[PDB]
Protein chains: 2
Amino acid sequence: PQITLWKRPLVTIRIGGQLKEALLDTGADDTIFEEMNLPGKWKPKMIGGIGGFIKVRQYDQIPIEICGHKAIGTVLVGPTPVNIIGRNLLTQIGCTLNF
Amino acid sequence: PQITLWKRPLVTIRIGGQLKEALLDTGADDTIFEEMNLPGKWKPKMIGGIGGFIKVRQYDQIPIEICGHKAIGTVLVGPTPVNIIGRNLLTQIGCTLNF
Ligand SMILES: CC(C)CN(C[C@@H](O)[C@H](Cc1ccccc1)NC(=O)O[C@H]1CO[C@H]2OCC[C@H]21)S(=O)(=O)c1ccc(N)cc1
């Protein structure tokens, strides 16, 4: 799709068979979801944003479907204000900025 | 232009006698720049993201030039680690997400 930016670019995603809303976020290097259960091993990690650093759980090679487009990559779980799809997955679905 | 997302979407912007690098950020509601001393009236504000909140000054009707495209609107100023062009100005320069 072509998505304009008068509203937040929130899209429904499928992750672990569950539907969630997430923000397409070109200023995020990484993908972070609010607290949820994901299967398999995770690695403790820390990441920084505008307001400081947080601790997250890093899950590798997680399939996610974003508006019907498949990605498989790293998903962090931690105290983000909203679920965010970052460039690690936006690149996999072929997303670009255009003006 | 078309900007891919393999790397951070940093572009040159002009805000006064300052040429700066800023992130084209679909996950940011409003433009926020690193500490600088802009002219007019303003309003204190707190903006939140990963790690918590920062205090900023909100300035209105500030003209900026983004890759040669003119914009004019709200610019927040505060201790952000990265200059960010948010949706408030991305819309004005005709920027969309496409996949
Ligand atoms: C978390 C988002 C809902 C909101 N943020 C914009 C977001 O794009 C920031 C923008 C950003 C970019 C770099 C540094 C700080 C903030 N990215 C971010 O936090 O990404 C994190 C996940 O991937 C990592 O890569 C970048 C930081 C990590 S925000 O910076 O907090 C923000 C919030 C409000 C406004 N008006 C402007 C910006």
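Since every read-out is calculated from the coordinates, none of them should be taken as a lab result. With ideal geometry, Cβ positions are generated from the backbone for all residues, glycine too; neighbour counts draw on all protein chains shown.
Kindly indicate whether any position in segment B:52-63 is assigned to a loop (DSSP other than H, G, I, E, B), surrounded by fewer than 20 Cβ atoms within 10 Å (Cβ to Cβ) and free of Cβ contacts under 8 Å to residues at least 24 places away in the same chain.
Taking every residue of segment B:52-63 in turn, none turns out to be assigned to a loop (DSSP other than H, G, I, E, B), surrounded by fewer than 20 Cβ atoms within 10 Å (Cβ to Cβ) and free of Cβ contacts under 8 Å to residues at least 24 places away in the same chain.
What residue, among those in segment A:41-51 that are among the small types (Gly, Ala, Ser) and surrounded by 15 or more Cβ atoms within 10 Å (Cβ to Cβ), is nearest to B:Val56 (Cα to Cα)?
In this case the residue turns out to be A:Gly51.
Yes or no: segment B:19-29 includes at least one residue that is outside any loop (DSSP other than H, G, I, E, B), polar (S, T, N, Q) and within 15 Å of the ligand (Cβ to nearest atom).
No, there is no match, as no residue in segment B:19-29 is outside any loop (DSSP other than H, G, I, E, B), polar (S, T, N, Q) and within 15 Å of the ligand (Cβ to nearest atom).
Please identify the pairs in which a residue from segment A:74-86 that is at negative phi has its Cβ atom under 6 Å from the Cβ atom of a residue that is within 8 Å of the ligand (Cβ to nearest atom) and among the hydrophobic types (A, V, I, L, M, F, W, C), counting only partners at least 6 apart or on another chain.
A:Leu76/A:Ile32; A:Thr80/A:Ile32; A:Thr80/B:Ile50; A:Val82/A:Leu23; A:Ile84/A:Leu23; A:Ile84/A:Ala28; A:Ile84/A:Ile32; A:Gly86/A:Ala28
Checking the condition β-branched (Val, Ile, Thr) and closer than 24 Å to A:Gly52 by Cβ, which residue from B:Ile66, B:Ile50, B:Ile72, B:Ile62 passes?
One residue alone meets the criteria, B:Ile50.
Which residues, taken from segment A:17-48, are free of Cβ contacts under 8 Å to residues at least 24 places away in the same chain and in contact with a strand residue (DSSP E or B) (Cβ under 9 Å, 6 or more places away or on another chain)?
Within segment A:17-48, A:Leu19, A:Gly27, A:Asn37, A:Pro39, A:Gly40, A:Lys41, A:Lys43, A:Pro44, A:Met46, A:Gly48 qualify.
Those residues that are more than 7 Å from chain B (Cβ to nearest Cβ) and of a type in the set (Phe, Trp, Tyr), I need them from segment A:1-40; list them, please.
A:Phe33
What number of residues in segment B:65-83 are more than 14 Å from the ligand (Cβ to nearest atom) and within 14 Å of another protein chain (Cβ to nearest Cβ)?
Of the residues in that region, 7 qualify.
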